[PDB]
Each structure stands twice: as C-alpha cells, then as structure tokens.
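First, one chain by itself in structure tokens, the form deposited in one PDB entry.
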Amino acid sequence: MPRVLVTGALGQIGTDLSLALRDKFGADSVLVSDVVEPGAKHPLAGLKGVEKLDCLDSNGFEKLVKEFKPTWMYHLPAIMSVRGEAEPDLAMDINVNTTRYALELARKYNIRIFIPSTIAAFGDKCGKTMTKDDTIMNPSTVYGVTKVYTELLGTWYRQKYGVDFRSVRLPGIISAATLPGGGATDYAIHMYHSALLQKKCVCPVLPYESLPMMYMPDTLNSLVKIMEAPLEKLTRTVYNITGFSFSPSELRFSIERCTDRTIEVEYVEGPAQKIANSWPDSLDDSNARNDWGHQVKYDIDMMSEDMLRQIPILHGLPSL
C-alpha cells in the first residue's frame, strides 16, 4: 500500500482526489498540502494530514517529503488557461518552478510522480479531430506552453534518472464539490449553478465549440489506475484521456432535459473562446485504454443528473 502526497490539494481536482485516496488507502497513508488553509466549509477542513505548504518554498517542500517519505505524489498546483493569460508571471513562476522542485524531489526521494498535463498543451496544428498522443504541439496560452515544458521535463527525468514520471492530458473536468480555478472549461460547471439558481448564464465560449470533457468519478478512477499500473505495462509517460466531447449548446440541452426548465444563456465571447478554439474537438485515448485500462462510465446525461443532485446538497443551492 502506497504513501501518497497530494500537493495543491484544496482545488477542484485535489478536493475529490484527496477523499478518494483516503477512502482507498486509509487516511494514515495520505498527506495533502496547499499554499492556503481550508475554509470551515471545505470538504477537507477538520481532517488530519492536511498541511500548509507553498510549493515555491523549496526547503519547506523537501522537509515535508523527507518527513512523510511518500512513495507516490500527485503534484497539482498550476495556474490555468484563462487565469494565466491574465496573470502570466504567476503562471510562469508556479507552473515551471513548482514542477522543477517536484521532479527533483521525486528523483532524490524515490517517488512515483504524477503531474497532470492538459488539452491546453495542444494548439491549432494538433489535428483537432480525435487528436493523437504524438503530434505537433503549438499552444497559444502561457499555461499551455508551461504544460508542454512539464511533459518534456518529466519525460527527461524518466529517461535520464529513471524517475517514474506519469501524466495524462486531462480534458475539461466537471465536478460538484469545489468550484473550478479559471480554465476555459469553467463555463460548464457555472451553467449548472445558473440553472439551479435560475439566473442568466453568460457563456464566454461559443455555442458550437466542442471540447473533450470528463466527469470527476471517471477522472479519479483513471488518476488512481494509471498510478497503480506496473511500469512495464506503460509505453509512454504522457497519455491523452477523454470522457466525451460537448459544446455549450449540447450541455445546455442536457441540463434543460433534466430540469424541464429553459436556462437563459447569453454567449458573449470572452478570452475563453479564442483559447478553446485552438484546442481539440476530441481526443484519441486508445493508448491509455490499451496500456492501463482507462475507462469511462458517465455520459453527458448521467453527469447532468448527478450534478443537478449534488450541487444543492454540497452548496445549499435550491433543488430540482
């Protein structure tokens, strides 16, 4: 049974991943950390093994690793696509420097290390229909740039020092628990909240812009699964994974089918649209499926039913 460190743990992915790890391996085997402390209403508030650590503080990062002696690490902090275009110096600092520290710690302390990539590592030359694992990578966002740097550096660590670096290119992730941190796919979660609150939703992505997406329970399954795989079954360090693709107009229809209630949606093209337009419409994830058994249970309507149930319970929005 592994000892697992999650850094950047209080955000969208980290909140549910931390709970799932704890459930599967037991709380004593999981330590999580974030630059901020949890609010009283955060799901990880009041739990043991939840620490304050700025990953840019490389001494504090080493101390924590040396004390806990993880065998696995999920290194999650990054400034994402939309927010990075508005805060590019913070993105370059966090996404490049915390990654370099994390990899050197994986090398020095023998850790299997996962650092997520993203569909934002692609740009407009990738071949946007059923995008392959190996293709031209020309990101149009600083976030995307720093994620291609992530993939390549991690792979270099694997080749040069035998560091067990693993990654997936995550699609937009949908969940109910913790609000998203500023990607171009944040509209999808907000659309649900707009429908439940009966407020107008202003969508900055255009109505027919299809993107690869996935619901959180499939994501968690894959994040765990890729880490448990024997190193011999892996043919590459970085895998595309997807759940299913959708556009905003498709998601809106899914939500109105479940609520029996028109959502009001004004498309008013923001930063997210130009960014999303440079990304894949869909991904080919045959390598992940073949090598380590990436699998998806949820479709768009299963997800929307679950989302529409969870959000009122978790956030006290109105129900139905």
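Basically, rigid core = biggest C-alpha set you can superpose within 1.5 Å across the two forms. Just count from 1 along the sequence shown to find any residue number.
From this point on, the text means the form deposited in another entry, which you will not see here.
Of the residues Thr237, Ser194, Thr131, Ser140, exactly one exceeds or equals a 2 Å C-alpha shift between the shown form and the other one once the rigid core is aligned, and that residue is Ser194. Comparing the forms between the shown form and the other one, the C-alpha position of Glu264 differs by 2 angstroms or more, with the core used for superposition.
Taking 2 Å as the criterion, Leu153 does not count as shifted between the shown form and the other one: its C-alpha moves by less than this amount when the rigid core is aligned.
Relative to the superposed rigid core, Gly183 undergoes a CA displacement of at least 2 Å between the shown form and the other one. Legend note: Cα of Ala184 to Cα of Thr178 is at least 3 Å closer in the other form than in the depicted form. Relative to the displayed conformation, the Cα-Cα distance from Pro180 to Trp72 grows by 3 Å or more in the other form.
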